[PDB]
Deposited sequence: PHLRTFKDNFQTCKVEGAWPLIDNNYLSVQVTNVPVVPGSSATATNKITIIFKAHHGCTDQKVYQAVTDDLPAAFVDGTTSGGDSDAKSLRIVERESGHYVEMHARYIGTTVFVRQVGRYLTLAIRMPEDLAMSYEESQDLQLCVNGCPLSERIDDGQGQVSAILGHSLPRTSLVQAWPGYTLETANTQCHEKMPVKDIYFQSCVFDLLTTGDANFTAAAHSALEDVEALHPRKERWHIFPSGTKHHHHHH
């Protein structure tokens, strides 16, 4: 799919299968991407997983999972909040919002056609709060170069007109 990173870059990745969008001390955002057509390197999201890592005093661990045709307004355990008002799910419709007040984080999930669309708003200090090992996070440093869609000649002719 198309990616807009926390660092403001825009890119188009193949990234077939499971890939971490966010992998930090607070949150995990994992996506599954499928080729839009068998031939193509154009892929789209059919699964979103979000792990709201346990935060002592605020929430217990909560897992949200959306898949094409199934966008619930609750966590995997049929729960709608944290173990008080620190973490909450809101349905708006086909269109869901997670409000992680305890971490200033908001996750927006929408089904657009046969595929999923995701957007995360997160504070800079928390989004950059991960260990050196957690270096694959598409929201932070994009997808690896090998996964990026390069036209070059075509994009260059497009910009040149």
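Participant: What ranges of the deposited sequence, counted from 1, have no C-alpha atoms in this structure?
Facilitator: Absent from the structure are positions 84-86, 97-98, 167-251.
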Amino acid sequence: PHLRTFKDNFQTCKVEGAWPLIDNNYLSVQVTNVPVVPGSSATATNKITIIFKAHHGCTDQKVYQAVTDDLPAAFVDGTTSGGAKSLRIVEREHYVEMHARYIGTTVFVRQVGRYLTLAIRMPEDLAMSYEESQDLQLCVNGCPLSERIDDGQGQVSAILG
From here on, numbers count along this sequence of modelled residues.
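Participant: Could you check the entry and say whether 108-116 or 53-61 has the higher mean CA B-factor?
Facilitator: Per the PDB record, 53-61.
Participant: May I ask you to compare 149-157 and 136-144 by their mean CA B factor in the entry and name the higher one?
Facilitator: Going by the record's values, the stretch with the higher mean is 149-157.
Participant: Highest Cα temperature factor in the entry, among the options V37, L27, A44, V31: which one is it?
Facilitator: Among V37, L27, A44, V31, the PDB entry lists the largest C-alpha B-factor for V37.
Participant: Taking only the Cα B-factors deposited for this chain, tell me whether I103 sits in the lowest, middle or highest third.
Facilitator: For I103, the deposited C-alpha B-factor lands in the middle third.
Participant: Could you tell me which third, lowest, middle or highest, the C-alpha B-factor of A66 occupies within its chain?
Facilitator: Its C-alpha B-factor belongs to the lowest third of this chain's values.
Participant: Rank-wise, by C-alpha B-factor, drop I48 into the lowest, middle or highest third of its chain.
Facilitator: For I48, the deposited C-alpha B-factor lands in the lowest third.
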